[PDB]
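As structure tokens, the structure follows; a few thoughts come after it.
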Number of protein chains: 2
Amino acid sequence: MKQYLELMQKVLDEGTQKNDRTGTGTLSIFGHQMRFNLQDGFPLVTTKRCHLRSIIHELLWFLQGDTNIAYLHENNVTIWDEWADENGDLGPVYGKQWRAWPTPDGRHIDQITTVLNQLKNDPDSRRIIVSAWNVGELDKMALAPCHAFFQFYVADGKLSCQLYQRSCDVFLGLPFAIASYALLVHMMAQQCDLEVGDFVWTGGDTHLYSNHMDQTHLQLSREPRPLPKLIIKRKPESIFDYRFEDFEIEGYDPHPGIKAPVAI
Amino acid sequence: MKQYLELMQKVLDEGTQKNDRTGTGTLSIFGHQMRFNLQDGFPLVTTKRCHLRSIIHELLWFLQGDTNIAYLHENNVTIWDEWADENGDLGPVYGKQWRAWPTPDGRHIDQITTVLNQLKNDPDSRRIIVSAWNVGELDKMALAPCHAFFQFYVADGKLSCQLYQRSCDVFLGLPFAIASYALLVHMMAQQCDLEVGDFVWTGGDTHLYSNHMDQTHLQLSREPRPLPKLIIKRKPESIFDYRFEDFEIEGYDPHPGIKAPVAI
Ligand SMILES: C#CCN(Cc1ccc2[nH]c(N)nc(=O)c2c1)c1ccc(C(=O)N[C@@H](CCC(=O)O)C(=O)O)cc1
Ligand SMILES: C#CCN(Cc1ccc2[nH]c(N)nc(=O)c2c1)c1ccc(C(=O)N[C@@H](CCC(=O)O)C(=O)O)cc1
Ligand SMILES: *c1cc(=O)[nH]c(=O)n1[C@H]1C[C@H](O)[C@@H](COP(=O)(O)O)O1
Ligand SMILES: *c1cc(=O)[nH]c(=O)n1[C@H]1C[C@H](O)[C@@H](COP(=O)(O)O)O1
């Protein structure tokens, strides 16, 4: 996608060499933002083939409140295996904070239902936020959240969303986060009888791994294709009731996949 | 400053009329970012005069872990007075979160000591974050944090920082915020023996109140003047030991102030 390919070029044109936790070495910039108008097409990268199957299942798992990879496993998604313990648990990550953030006084707050109530009854609120960054539980989490926080906004019957990603693996991680949160905006909007607006992505440490540079340049030599279209075949009674079978991507003709190693 | 005035113009050209909480009316956009190179000067507005004594006393109050306005009163600062109860308490806002985030089991995490140690022991970290967005205690706070989140970053021995502001009043709150966070980056850099980098400001709902339109137009005709220089006259033993006396602002020659009503 043009916006994505421009960021890769920016990391490469004005980035600094930084070392990191995984020992690998990164090229890095701090602070970046980009906007995708959802009405132009579903923002799934076309310069390398993406696997949408895993994006969809990971999101439905999140909305269940689940932090154990069993569900993903019975759906043949292995993207979180490396971080899971012996029992498949990842600790209180995303799904637990979204559906049941713990308070000091014994309650648990379901940030996804409160947000949905807010978009229906108070869509002009400036507080329609969901946070995964729970300071007091980070130590129990297998990996600290990279998509730490997000915010919805309504204008002219359109629902927009801004994500703040604290750390970003541009080659591997960013195609996943863009499609996952664009898919969430479509579901939310359907349930609140809104039209979709903009997905806005803001990054903290935005970086390219040293062992992904050849792949990055191969990708940068491609022209973007026209964006695919998302058709949801059913309107569930609640956002927690969507199924994989309800989503259909059409008009997706991507460039061949490019493989590259993950850093654990 | 050039980029502040360019955002004021952007809001006036593209803003949507939204009816907000107080019933005044805002013109707003969603999603905006600005970079400020701190080597180039302290980003204090010169198209109107701001007062640093509130900016400095409020930050020092924050790092103290205090949420009661008595200190502010003793130092002639009135900025928070409308939101404080009969006893002067604001409830568990910034000060409580920054120095004693309440974990579910009754412990407390001192986010600024953590951040200090991370900058001195693991500066390449992509997790150097302080959060004021404590979902479990939001109902107890007199007003939900507008400055919700910020992340530090170190590259080439320079300290950068990005702030996420969920809701912004471009006219009053935004000059305050930029100076407040540029000050904290200078204090942190002094205590960690680092040089200063960039302040990145990312906002959610960025707006102009309808009853500030005249005042905005006055400000948009003034030409920005050279930025000031911040001189910290004493290196204290710790980040919690600074005093108001220690800071001086050279070269500040603003245009006269513009008075404008606050919306409660
Ligand atoms: C974000 C997120 C979730 N995650 C979690 C996650 C956790 C830690 C990370 N760590 C690092 N260094 N980079 C990452 O992108 C990353 C991603 C992902 C995990 C794996 C793949 C991956 O291996 N990419 C393959 C996927 C193949 C498939 O889906 O079947 C690819 O083809 O690109 C992508 C996302
Ligand atoms: C940021 C922040 C904290 N805050 C808190 C705070 C709380 C609620 C708000 N509500 C609204 N509608 N706008 C705000 O900017 C706002 C700010 C501030 C409070 C007052 C001023 C203010 O009135 N500015 C005067 C200061 C004059 C002085 O005493 O020196 C000015 O005109 O410059 C700024 C910031
Ligand atoms: C974290 C998870 C995700 O969904 N997307 C990402 O881009 N990442 C990346 C960031 C970094 O490369 C690594 C996480 O480790 P760290 O805490 O940033 O050091 O995976
Ligand atoms: C909050 C605090 C600050 O430092 N700066 C700000 O601009 N504000 C503004 C945002 C909004 O105009 C109002 C807070 O109310 P709301 O929760 O956004 O509705 O003060």
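Residue numbers start at 1 in each chain; chains themselves are named A, B, ... in the order of the structure tokens; ligands are numbered from 1 in the order shown.
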Using only C-alpha atoms and all ligand atoms, which protein or nucleic acid residues are at most 9 Å from ligand 1, as an MDAnalysis selection string? chainID A and resid 22 48:55 58 76:83 143 146:147 168:178 180 209 257:264
Neighbours of chain B in chain A at 8 Å, counting only C-alpha atoms, as a JSON list (two decimals) with N, CA and C atoms, in the first residue's frame:
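Ended up saving to out_28.json:
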[["chain", "number", "residue", "atom", "x", "y", "z"],
["A", 16, "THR", "N", 18.14, 5.25, 12.57],
["A", 16, "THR", "CA", 19.37, 5.11, 13.34],
["A", 16, "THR", "C", 19.62, 3.63, 13.62],
["A", 18, "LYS", "N", 20.02, 0.81, 16.05],
["A", 18, "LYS", "CA", 19.84, 0.57, 17.46],
["A", 18, "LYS", "C", 20.00, -0.92, 17.68],
["A", 19, "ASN", "N", 20.40, -1.29, 18.86],
["A", 19, "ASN", "CA", 20.51, -2.68, 19.25],
["A", 19, "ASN", "C", 19.19, -2.95, 19.97],
["A", 20, "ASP", "N", 18.88, -4.19, 20.31],
["A", 20, "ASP", "CA", 17.62, -4.46, 20.99],
["A", 20, "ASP", "C", 17.71, -5.70, 21.87],
["A", 21, "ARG", "N", 16.61, -5.90, 22.58],
["A", 21, "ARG", "CA", 16.36, -7.01, 23.49],
["A", 21, "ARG", "C", 16.65, -8.37, 22.87],
["A", 30, "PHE", "N", 11.48, 7.26, 15.62],
["A", 30, "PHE", "CA", 10.51, 7.41, 16.69],
["A", 30, "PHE", "C", 9.44, 8.35, 16.19],
["A", 31, "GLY", "N", 8.17, 8.02, 16.34],
["A", 31, "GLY", "CA", 7.11, 8.94, 15.97],
["A", 31, "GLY", "C", 6.76, 8.89, 14.51],
["A", 32, "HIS", "N", 5.61, 8.31, 14.19],
["A", 32, "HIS", "CA", 5.15, 8.35, 12.81],
["A", 32, "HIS", "C", 3.64, 8.19, 12.86],
["A", 33, "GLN", "N", 2.94, 8.73, 11.86],
["A", 33, "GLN", "CA", 1.50, 8.58, 11.83],
["A", 33, "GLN", "C", 1.06, 8.42, 10.38],
["A", 101, "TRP", "N", -10.54, -5.83, 32.53],
["A", 101, "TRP", "CA", -9.47, -5.08, 33.18],
["A", 101, "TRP", "C", -9.71, -5.10, 34.69],
["A", 102, "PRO", "N", -8.79, -5.52, 35.56],
["A", 102, "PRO", "CA", -8.99, -5.61, 37.01],
["A", 102, "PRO", "C", -8.84, -4.29, 37.76],
["A", 103, "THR", "N", -9.73, -3.96, 38.70],
["A", 103, "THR", "CA", -9.65, -2.72, 39.46],
["A", 103, "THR", "C", -9.03, -2.99, 40.83],
["A", 104, "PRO", "N", -8.49, -2.03, 41.59],
["A", 104, "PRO", "CA", -8.06, -2.26, 42.97],
["A", 104, "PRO", "C", -9.18, -2.63, 43.94],
["A", 105, "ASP", "N", -10.42, -2.28, 43.60],
["A", 105, "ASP", "CA", -11.55, -2.56, 44.46],
["A", 105, "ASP", "C", -12.31, -3.85, 44.15],
["A", 106, "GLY", "N", -11.79, -4.81, 43.37],
["A", 106, "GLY", "CA", -12.51, -6.06, 43.10],
["A", 106, "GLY", "C", -13.36, -6.14, 41.83],
["A", 107, "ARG", "N", -13.66, -5.03, 41.14],
["A", 107, "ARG", "CA", -14.48, -5.14, 39.94],
["A", 107, "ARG", "C", -13.58, -5.51, 38.76],
["A", 108, "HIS", "N", -14.16, -5.68, 37.59],
["A", 108, "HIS", "CA", -13.43, -5.97, 36.38],
["A", 108, "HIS", "C", -14.15, -5.15, 35.37],
["A", 109, "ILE", "N", -13.49, -4.41, 34.47],
["A", 109, "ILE", "CA", -14.21, -3.62, 33.51],
["A", 109, "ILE", "C", -14.05, -4.14, 32.08],
["A", 124, "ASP", "N", -20.25, 11.45, 20.68],
["A", 124, "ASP", "CA", -19.36, 12.60, 20.63],
["A", 124, "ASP", "C", -18.41, 12.66, 21.81],
["A", 125, "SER", "N", -18.39, 11.64, 22.68],
["A", 125, "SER", "CA", -17.46, 11.60, 23.79],
["A", 125, "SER", "C", -16.02, 11.65, 23.28],
["A", 126, "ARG", "N", -15.15, 12.21, 24.10],
["A", 126, "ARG", "CA", -13.75, 12.30, 23.76],
["A", 126, "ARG", "C", -12.99, 11.25, 24.57],
["A", 127, "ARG", "N", -13.70, 10.27, 25.15],
["A", 127, "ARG", "CA", -13.12, 9.23, 26.00],
["A", 127, "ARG", "C", -13.44, 7.82, 25.49],
["A", 131, "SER", "N", -7.60, 0.31, 26.45],
["A", 131, "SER", "CA", -6.18, 0.20, 26.72],
["A", 131, "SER", "C", -5.81, -1.22, 27.13],
["A", 133, "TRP", "N", -2.49, -1.49, 28.02],
["A", 133, "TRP", "CA", -1.34, -1.22, 28.85],
["A", 133, "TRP", "C", -1.69, -1.14, 30.34],
["A", 134, "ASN", "N", -1.81, -2.29, 30.99],
["A", 134, "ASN", "CA", -2.10, -2.34, 32.41],
["A", 134, "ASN", "C", -0.79, -2.50, 33.18],
["A", 135, "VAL", "N", -0.26, -1.37, 33.66],
["A", 135, "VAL", "CA", 1.02, -1.32, 34.37],
["A", 135, "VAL", "C", 1.19, -2.37, 35.46],
["A", 136, "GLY", "N", 0.17, -2.52, 36.30],
["A", 136, "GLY", "CA", 0.23, -3.44, 37.42],
["A", 136, "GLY", "C", 0.12, -4.90, 37.04],
["A", 137, "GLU", "N", -0.07, -5.28, 35.77],
["A", 137, "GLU", "CA", -0.11, -6.69, 35.43],
["A", 137, "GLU", "C", 0.87, -7.05, 34.36],
["A", 144, "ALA", "N", 4.80, -7.76, 26.56],
["A", 144, "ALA", "CA", 4.11, -6.50, 26.80],
["A", 144, "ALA", "C", 3.36, -6.12, 25.53],
["A", 151, "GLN", "N", -8.44, 4.55, 20.15],
["A", 151, "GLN", "CA", -9.48, 5.53, 20.39],
["A", 151, "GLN", "C", -10.40, 5.66, 19.18],
["A", 153, "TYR", "N", -13.86, 7.63, 17.35],
["A", 153, "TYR", "CA", -14.35, 8.99, 17.18],
["A", 153, "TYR", "C", -15.43, 8.91, 16.12],
["A", 155, "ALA", "N", -17.89, 11.22, 13.36],
["A", 155, "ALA", "CA", -18.18, 12.49, 12.74],
["A", 155, "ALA", "C", -18.95, 12.12, 11.50],
["A", 162, "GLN", "N", -7.97, 5.43, 16.06],
["A", 162, "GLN", "CA", -6.55, 5.68, 16.04],
["A", 162, "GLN", "C", -5.90, 4.64, 16.96],
["A", 166, "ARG", "N", 3.36, 0.89, 20.44],
["A", 166, "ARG", "CA", 4.58, 1.37, 21.08],
["A", 166, "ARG", "C", 5.87, 0.92, 20.39],
["A", 167, "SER", "N", 5.86, -0.28, 19.82],
["A", 167, "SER", "CA", 7.01, -0.83, 19.17],
["A", 167, "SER", "C", 6.45, -1.49, 17.92],
["A", 200, "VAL", "N", -6.32, 5.40, 11.68],
["A", 200, "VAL", "CA", -5.14, 6.22, 11.80],
["A", 200, "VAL", "C", -4.14, 5.39, 12.61],
["A", 202, "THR", "N", -0.50, 5.39, 14.67],
["A", 202, "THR", "CA", 0.60, 6.17, 15.22],
["A", 202, "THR", "C", 1.62, 5.19, 15.83],
["A", 204, "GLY", "N", 5.37, 4.39, 17.98],
["A", 204, "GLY", "CA", 6.40, 4.86, 18.87],
["A", 204, "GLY", "C", 7.71, 4.48, 18.21],
["A", 205, "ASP", "N", 8.38, 3.44, 18.71],
["A", 205, "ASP", "CA", 9.61, 2.99, 18.09],
["A", 205, "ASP", "C", 9.20, 2.19, 16.87]]
I need the residues in region 71-230 of chain A that are helix (DSSP H, G or I) according to DSSP; give them as a PyMOL selection string. chain A and resi 71-73+81-83+94-100+111-121+135-140+173-191+210-220
I'd like the neighbourhood of residue 191 (chain B) as a PDB file with N, CA and C atoms, in the first residue's frame, where a residue qualifies if any of its atoms comes within 12 Å (using only C-alpha atoms), though same-chain residues fewer than 2 positions away should be ignored.
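This is the output file selection-v3.pdb:
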ATOM      1  N   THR B 113      10.163   6.104  38.910  1.00  0.00           N
ATOM      2  CA  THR B 113      11.410   5.471  39.323  1.00  0.00           C
ATOM      3  C   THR B 113      11.759   4.360  38.346  1.00  0.00           C
ATOM      4  N   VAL B 115      10.907   4.313  35.125  1.00  0.00           N
ATOM      5  CA  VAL B 115      11.383   5.008  33.933  1.00  0.00           C
ATOM      6  C   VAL B 115      12.793   5.520  34.089  1.00  0.00           C
ATOM      7  N   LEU B 116      13.119   6.103  35.234  1.00  0.00           N
ATOM      8  CA  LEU B 116      14.490   6.510  35.532  1.00  0.00           C
ATOM      9  C   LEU B 116      15.498   5.387  35.399  1.00  0.00           C
ATOM     10  N   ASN B 117      15.181   4.272  36.048  1.00  0.00           N
ATOM     11  CA  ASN B 117      16.087   3.153  36.017  1.00  0.00           C
ATOM     12  C   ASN B 117      16.191   2.565  34.627  1.00  0.00           C
ATOM     13  N   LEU B 119      15.965   4.234  31.792  1.00  0.00           N
ATOM     14  CA  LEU B 119      16.826   5.095  31.001  1.00  0.00           C
ATOM     15  C   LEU B 119      18.301   4.959  31.364  1.00  0.00           C
ATOM     16  N   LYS B 120      18.607   4.658  32.615  1.00  0.00           N
ATOM     17  CA  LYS B 120      19.987   4.482  33.001  1.00  0.00           C
ATOM     18  C   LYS B 120      20.481   3.059  32.852  1.00  0.00           C
ATOM     19  N   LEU B 159      17.510  11.979  24.236  1.00  0.00           N
ATOM     20  CA  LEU B 159      16.230  11.604  24.790  1.00  0.00           C
ATOM     21  C   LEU B 159      15.058  12.251  24.074  1.00  0.00           C
ATOM     22  N   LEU B 184       9.791  18.296  31.340  1.00  0.00           N
ATOM     23  CA  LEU B 184      10.098  16.972  31.875  1.00  0.00           C
ATOM     24  C   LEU B 184      11.196  16.241  31.084  1.00  0.00           C
ATOM     25  N   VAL B 185      11.227  16.294  29.748  1.00  0.00           N
ATOM     26  CA  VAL B 185      12.309  15.701  28.955  1.00  0.00           C
ATOM     27  C   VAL B 185      13.663  16.347  29.313  1.00  0.00           C
ATOM     28  N   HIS B 186      13.710  17.651  29.622  1.00  0.00           N
ATOM     29  CA  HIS B 186      14.960  18.307  30.015  1.00  0.00           C
ATOM     30  C   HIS B 186      15.478  17.881  31.381  1.00  0.00           C
ATOM     31  N   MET B 187      14.539  17.641  32.304  1.00  0.00           N
ATOM     32  CA  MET B 187      14.818  17.216  33.663  1.00  0.00           C
ATOM     33  C   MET B 187      15.292  15.771  33.643  1.00  0.00           C
ATOM     34  N   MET B 188      14.604  14.899  32.895  1.00  0.00           N
ATOM     35  CA  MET B 188      15.000  13.512  32.736  1.00  0.00           C
ATOM     36  C   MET B 188      16.374  13.386  32.078  1.00  0.00           C
ATOM     37  N   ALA B 189      16.619  14.131  30.993  1.00  0.00           N
ATOM     38  CA  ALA B 189      17.918  14.139  30.333  1.00  0.00           C
ATOM     39  C   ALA B 189      19.013  14.600  31.285  1.00  0.00           C
ATOM     40  N   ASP B 193      22.062  12.009  32.385  1.00  0.00           N
ATOM     41  CA  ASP B 193      23.251  12.387  31.637  1.00  0.00           C
ATOM     42  C   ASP B 193      23.131  12.199  30.137  1.00  0.00           C
ATOM     43  N   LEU B 194      21.946  12.497  29.598  1.00  0.00           N
ATOM     44  CA  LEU B 194      21.641  12.380  28.165  1.00  0.00           C
ATOM     45  C   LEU B 194      21.419  13.761  27.571  1.00  0.00           C
ATOM     46  N   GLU B 195      21.422  13.859  26.242  1.00  0.00           N
ATOM     47  CA  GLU B 195      21.210  15.106  25.525  1.00  0.00           C
ATOM     48  C   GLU B 195      19.738  15.197  25.108  1.00  0.00           C
ATOM     49  N   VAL B 196      19.168  16.326  24.669  1.00  0.00           N
ATOM     50  CA  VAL B 196      17.738  16.343  24.360  1.00  0.00           C
ATOM     51  C   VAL B 196      17.436  16.095  22.892  1.00  0.00           C
ATOM     52  N   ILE B 232      18.689  25.169  33.250  1.00  0.00           N
ATOM     53  CA  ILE B 232      18.434  24.586  34.559  1.00  0.00           C
ATOM     54  C   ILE B 232      19.696  24.878  35.364  1.00  0.00           C
ATOM     55  N   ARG B 234      20.638  24.190  38.590  1.00  0.00           N
ATOM     56  CA  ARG B 234      21.177  23.342  39.639  1.00  0.00           C
ATOM     57  C   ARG B 234      20.950  21.917  39.176  1.00  0.00           C
ATOM     58  N   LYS B 235      21.861  20.973  39.388  1.00  0.00           N
ATOM     59  CA  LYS B 235      21.590  19.589  39.045  1.00  0.00           C
ATOM     60  C   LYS B 235      21.279  19.022  40.419  1.00  0.00           C
ATOM     61  N   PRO B 236      20.018  18.708  40.719  1.00  0.00           N
ATOM     62  CA  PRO B 236      19.650  18.088  41.979  1.00  0.00           C
ATOM     63  C   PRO B 236      20.034  16.621  42.063  1.00  0.00           C
ATOM     64  N   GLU B 237      19.983  16.087  43.282  1.00  0.00           N
ATOM     65  CA  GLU B 237      20.335  14.702  43.532  1.00  0.00           C
ATOM     66  C   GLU B 237      19.346  13.747  42.868  1.00  0.00           C
ATOM     67  N   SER B 238      18.108  14.192  42.640  1.00  0.00           N
ATOM     68  CA  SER B 238      17.144  13.341  41.968  1.00  0.00           C
ATOM     69  C   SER B 238      16.079  14.134  41.251  1.00  0.00           C
ATOM     70  N   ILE B 239      15.324  13.422  40.418  1.00  0.00           N
ATOM     71  CA  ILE B 239      14.204  13.993  39.683  1.00  0.00           C
ATOM     72  C   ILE B 239      13.109  14.508  40.623  1.00  0.00           C
ATOM     73  N   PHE B 240      13.065  14.027  41.865  1.00  0.00           N
ATOM     74  CA  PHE B 240      12.073  14.489  42.816  1.00  0.00           C
ATOM     75  C   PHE B 240      12.553  15.678  43.641  1.00  0.00           C
ATOM     76  N   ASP B 241      13.793  16.115  43.432  1.00  0.00           N
ATOM     77  CA  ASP B 241      14.387  17.190  44.204  1.00  0.00           C
ATOM     78  C   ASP B 241      14.485  18.533  43.499  1.00  0.00           C
ATOM     79  N   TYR B 242      13.882  18.727  42.333  1.00  0.00           N
ATOM     80  CA  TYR B 242      13.936  20.039  41.714  1.00  0.00           C
ATOM     81  C   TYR B 242      12.987  20.992  42.449  1.00  0.00           C
TER      82      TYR B 242
END
Quick one, how far is CA of residue 207 (chain A) from CA of residue 4 (chain B)?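 Going from CA of residue 207 (chain A) over to CA of residue 4 (chain B) covers 27.7 Å.
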Top pick for closest residue to ligand 2, considering B:11, B:208, B:5, B:183 and counting only C-alpha atoms and all ligand atoms: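 Distance minimum relative to ligand 2 lands on B:208.
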So that I can check the surroundings of residue 43 (chain B), please list as a ChimeraX atom specification every protein, DNA and RNA residue that reaches within 9 Å of it, counting only C-alpha atoms and ignoring chain neighbours fewer than 4 positions away. /B:1,36-38,175,178-179,182,227-228
Take the residues just selected and output them with C-alpha atoms as an mmCIF file, in the first residue's frame.
data_model
loop_
_atom_site.group_PDB
_atom_site.id
_atom_site.type_symbol
_atom_site.label_atom_id
_atom_site.label_comp_id
_atom_site.auth_asym_id
_atom_site.auth_seq_id
_atom_site.Cartn_x
_atom_site.Cartn_y
_atom_site.Cartn_z
ATOM 1 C CA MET B 1 5.307 28.513 16.650
ATOM 2 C CA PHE B 36 9.570 19.614 18.043
ATOM 3 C CA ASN B 37 13.313 19.524 17.958
ATOM 4 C CA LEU B 38 14.399 20.528 21.437
ATOM 5 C CA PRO B 175 0.548 25.458 24.698
ATOM 6 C CA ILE B 178 3.959 21.177 24.914
ATOM 7 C CA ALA B 179 5.893 23.253 27.419
ATOM 8 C CA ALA B 182 9.430 19.663 27.014
ATOM 9 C CA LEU B 227 12.074 30.325 20.533
ATOM 10 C CA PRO B 228 13.543 30.729 24.060
#
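CA of residue 96 (chain A) to atom 19 (O, counted along the ligand's line) of ligand 3 spans 21.1 Å [interatomic distance, one decimal].
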